[PDB]
Amino acid sequence: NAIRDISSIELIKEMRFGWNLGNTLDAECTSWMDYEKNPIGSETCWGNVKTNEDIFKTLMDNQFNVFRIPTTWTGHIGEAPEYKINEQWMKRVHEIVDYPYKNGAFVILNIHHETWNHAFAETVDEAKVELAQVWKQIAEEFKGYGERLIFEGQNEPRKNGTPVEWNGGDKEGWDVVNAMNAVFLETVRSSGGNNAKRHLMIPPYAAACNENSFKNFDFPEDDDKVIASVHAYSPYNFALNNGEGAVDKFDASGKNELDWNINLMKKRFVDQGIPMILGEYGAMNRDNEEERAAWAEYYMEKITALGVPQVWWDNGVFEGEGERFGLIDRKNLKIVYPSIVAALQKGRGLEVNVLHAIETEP
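Throughout the sequence shown, residue numbering follows my numbering, covering -15 to 346 in sequence.
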């Protein structure tokens, strides 16, 4: 029940690097799964195994101490306007949050792939109501948790389906996102318990590392416990491109693009005293572990000099046509790419010591 009363800038210093529990509690399968009969079945409906504590303990052995829990509440929410969250779902989310928390790590709980938080001015009034009701129950469920539990108001709020979805945003989307962020901050701060001193993360438009999203991002000026949430899979062709133009080498043009976006984070947040966390990043598997290792160490070295931690996005996908950001085999508790983890440790300034590494095939 104890909570330290320290600023986000001071609390961020205790962070090394992070890991995402992707394609798990954020998996959304309402188009074919009966959420009434399977109230917690969505956790594994995208191919990941049921979450256990040993997954996080395997990662903490490799010096991970930040764990982001992407959670989708669509399908687990009752009818409007009360928006009652399913009790069995809230309990399972509580159990998974306890896995890294009860072992002493930082935890980030967010609202992820929602159908109702689209950044369209047509439905903001009801979207703000649902956002407030949902975060009221979440803040209530985790009242007595300390400063190591961090709430992230939104994931990538955007105008889905528009050409404006992934280009940075327009004036309409920027105002809706700012209004939604304000509702989230007020709802948590107004609740009781430790929530008045809990650290809160808010994203710009779509959490994009873009000038248009950075320029039109309202940030509170009198709350030292609010953090900016940015996602940056940079450079795009090497890290995120899953189609045409995808490259497997980390070339000089890729370094220039990455250096440009890291400088955008410095000018927007670091120089202006805005605490910021790279909540999502990573490089897709292209049979290029040593290319991704050098990229990861360079990326980690740069933002470590800025005091910004990063959180790897791990969806548990290794092969196939999907986005292959897998890093740990959750069923066998093994690090599939040990040199990538070693690069994170070396770039962060830690002693290189990779445990539970996968064997060598040759």
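Yeah, the Cβ is synthetic: ideal placement off N, Cα and C, and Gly gets one too.
Item: Which of helix, strand or coil DSSP assigns to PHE222; Value: helix
Item: Coarse secondary structure for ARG314, derived from DSSP in three states; Value: coil
Item: Proximity winner among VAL336, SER323, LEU334, relative to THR344 (alpha-carbon distances); Value: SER323
Item: N- and C-terminal bounds of the beta strand (DSSP E) containing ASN179; Value: Here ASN179 belongs to no beta strand (DSSP E), and DSSP marks it neither H nor E.
Item: Cut-off 8 Å between Cβ atoms - residues of its own chain near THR58, not counting five sequence neighbours on either side; Value: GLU12, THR14, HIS97, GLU98, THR99, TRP100
Item: Bridge-paired residues (DSSP) for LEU262; Value: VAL214, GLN294
Item: Residue closest to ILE61, alpha-carbon to alpha-carbon, out of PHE51, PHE48, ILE24, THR35; Value: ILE24
Item: Whether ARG0 touches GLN47 by CB criterion (7 Å); Value: yes
Item: Cβ pair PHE40, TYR83 closer than 7 Å; Value: yes
Item: Residue burial classification, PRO293 (beta-carbon count within 10 angstroms, cutoff 16); Value: buried
Item: DSSP state of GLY31 mapped onto helix, strand, coil; Value: coil
Item: Best match in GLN117, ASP206, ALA190 for proximity to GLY145 [C-alpha to C-alpha]; Value: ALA190
Item: Span of the alpha helix (DSSP H) around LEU133; Value: First-last for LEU133: 133 to 136, but that is the beta strand (DSSP E), not the alpha helix (DSSP H).
Item: Spatial neighbours of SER(-9) in its chain, beta-carbon cut-off 6 Å, leaving aside the 5 residues before and after; Value: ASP208
Item: Span of the alpha helix (DSSP H) around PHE40; Value: 37 to 45
Item: Range covered by the beta strand (DSSP E) that runs through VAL231; Value: Segment: none, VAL231 is in no beta strand (DSSP E) and carries neither H nor E.
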